[PDB]
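Below is one structure, written out as structure tokens, with a few remarks after it.
Residue numbers (the deposited numbering), protein chains in the order written: chain K, 2 to 135; chain I, 63 to 123; chain L, 79 to 505.
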């Protein structure tokens, strides 16, 4: 209250106010990198250069990537499935291990058809049935 | 580069033809933007007729 | 026989262009953000070279209006609460073209002001050769640049902005091609895939510019030390341990393939430093590297007066301009706090000096690291008020960094005059 309490004969108050100049936390040595990553295929890449929010990679290159919608619909020679039409690789990059010749066969729908058989066909127990023993 | 482009420096001078079909000598016709326009390269990008051969070198080659 | 398909199907798109273009442009991104230090936050900005080519070439004579310049200088470095950048990294390869020369002229125009040494790489097209390995055949690049083909380039080396560009030579192998016995594709828990080959032979299976490890050492030379002395030489900075080599069995017995694009010799390490290039030289077989030279593209000159000659030798040196830059990030950053406080010529010389004082010595500490804590040797700071403007000042510092080793000649000889007691007449 600004009106202020009436002063007694022995007014004790206890000062709790402290002045001083606030501190400043250190600056992380930032490193900017500039290169054609998306080739023109990302949320921040498809936008005009006047407004491209720079990333940070707080987490890692695995998640800062997935943050960008990096997909691609490029054609490729077909050697799987029936009917015409060249194989159309179409899936968005999540991690950096996506270019691994393995995560590809898991992503591309057509190739996965052959990998699906290798789970069932190759798992034929011709060792449990052949091993009859009376 | 830009004080040039500020001036409408074009030219419609004739030249020997070795591209496309039909008669009529090749007519170089385009305005100078930068000083690198006289570069034997920016010319092939500007002259419509020559660009026809450069277009194949992108696909054919 | 389903393996025969997959070994053809997948191998059709891994070898495909565009697909492996992203690989190159992400593998070398992962390479930078692999270390992860205590206080070194990297950051990305995916932009096509053309989208910047058009930018600087349109605003070369008006850089303050450049869009990029407005995303590094006036955006984070200039603004109050903004966090400034430090040492940009150009993931591109620059030729001797009169277009890509502007690209550096512009980026350097920014770096110069934003105070952020722009590191990049140069294509094999620079030396006018179609295979970078064939640069070893050139005797001295010093005599090369005298050729009138580099006229445009020699002009750029004279610019002030070039003292912030730092171009690297050589490209490290960033991925080992896929063999079953070597670097097997990690298949799934049932889908047999490890039996899977690729298709390469001579020299065409993914590369990445040395600039990465260069910057990825500047980061290292910050978490450990604090300044940028620790990015040169073997014992000191650039060592780059454990690179992705390659091995292959053509007919012999697994003939190893050096991780580096080119096996620079000794006088190559030097004969490049004079051109204003940063060679990424390899130790033969050791599967490692090191940066001996870390020079900017600035001309070294020569001069008659000894002092002047030494000036130009230190200015061309990138590692110092990295450090001197860190003082700018101190002034335009910290003194902003006391912008309204009443201060004097004798007070600003206090605040600015009391800081830098903890980083200047003459005595040498054991080991390189324990001494690289101290970049500078000695500093002067003579600020002084100007007439007219009462609250304004004008500083003028001058720093002499700890001069690095760079080489030495030596003449051995049998004197037989040192100990005359054995060869003298009197006996």
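Positions of the beta carbon are idealized from the N, C-alpha and C atoms, including for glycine.
- Assigned with DSSP and collapsed to three states, residue 169 of chain L falls in strand.
- Within the segment 70-103 of chain I, contact with chain L at the beta-carbon level (separation under 9 Å) is assigned to 96, 98 and 101.
- Put simply, of L/416, L/335 and L/169 the residue whose alpha carbon is nearest the alpha carbon of residue 282 of chain L is L/335.
- Closer than 8 Å to the CB of residue 67 of chain K there is not a single CB belonging to chain L.
- Annotation: Cβ neighbours of residue 268 of chain L in chain K (cutoff 9 Å, chain order): 119, 120, 123 and 124.
- Residue 175 of chain L carries a coil assignment under DSSP once its states are collapsed to helix, strand and coil.
- Taking a C-beta distance under 8 Å as the contact criterion, residue 120 of chain K and residue 268 of chain L qualify as a contact pair.
- Put simply, the backbone Cα of residue 396 of chain L is about 35 Å away from that of residue 68 of chain K.
- Residue 21 of chain K has a beta carbon lying at 8 Å or more from every beta carbon in chain L.
- For secondary structure counted as the alpha helix (DSSP H) over 4 or more consecutive residues, the segment 352-416 of chain L holds these complete runs in sequence order: 384-393 and 396-412.
- Chain-order list of chain K residues neighbouring residue 273 of chain L: empty, with the shortest C-beta distance near 11 Å, by a criterion of under 8 Å.
- Excluding five sequence positions before and after residue 72 of chain K, the CB atoms of its chain that fall closer than 8 Å to its own CB belong to 42, 91, 92, 93 and 94, given in chain order.
- Burial state of residue 112 of chain L is exposed, judged by a 10 Å Cβ sphere holding fewer than 16 other Cβ atoms.
- Contact with chain K is found for residue 145 of chain L, since one of that chain's Cβ atoms lies less than 8 Å from the residue's Cβ.
- Pairwise C-beta distances place the segment 446-463 of chain L in contact with the segment 294-314 of chain L, as three or more of them are shorter than 8 Å.
- Note on geometry: alpha-carbon atoms of residue 153 of chain L and residue 105 of chain I lie some 39 Å from one another.
- Neighbours of residue 162 of chain L in chain K, taken as residues whose beta carbon is under 9 Å from its own, are 28 and 31 in chain order.
- Contact between residue 195 of chain L and residue 407 of chain L does not hold, since the beta-carbon distance rounds to 12 Å and is not under 8 Å.
- Contact of residue 297 of chain L with chain K by beta-carbon distance below 7 Å involves 32.
- A direct Cα-Cα distance of roughly 47 Å separates residue 63 of chain K from residue 19 of chain K.
- Between the segment 276-295 of chain L and the segment 244-256 of chain L there are three or more C-beta pairs closer than 8 Å, enough to call the two in contact.
- Membership of residue 199 of chain L in the beta strand (DSSP E) is indicated by the continuous run 197-200.
- Of the candidates L/320, L/211, L/255 and L/387, L/211 places its Cα closest to the Cα of residue 346 of chain L.
- For residue 425 of chain L, there is no enclosing beta strand (DSSP E); the residue is found in the alpha helix (DSSP H) stretching over 423-434.
- For the pair of segments examined, the segment 180-187 of chain L was found not to touch the segment 215-232 of chain L: the number of CB pairs separated by less than 8 Å stays below three.
- DSSP, reduced to helix, strand and coil, places residue 454 of chain L within a strand of the structure shown.
- Sorting L/503, L/424 and L/443 by C-alpha distance to the C-alpha of residue 460 of chain L places L/424 at the top.
- Assignment of residue 338 of chain L by DSSP, reduced to helix, strand and coil, places it in the strand class.
- Per DSSP, the continuous alpha helix (DSSP H) segment holding residue 129 of chain L begins and ends at 127-136.
- Scanning L/105, L/143 and L/167 for the CA closest to the CA of residue 33 of chain K turns up L/167.
- The segment 105-121 of chain L and the segment 73-91 of chain I do not touch, with fewer than 3 CB-CB distances between them shorter than 8 Å.
- Around the Cβ of residue 432 of chain L, a 10 Å sphere holds fewer than 16 other Cβ atoms; the residue is exposed.
- Put simply, of L/356, L/353, L/330 and L/366 the residue whose alpha carbon is nearest the alpha carbon of residue 323 of chain L is L/366.
- Assigned with DSSP and collapsed to three states, residue 107 of chain L falls in helix.
- Classified as buried, residue 479 of chain L has 16 or more neighbouring CB atoms from the shown chains inside 10 Å of its CB.
- Listed along chain L, the residues sitting closer than 7 Å to residue 57 of chain K by beta-carbon distance are 119 and 121.
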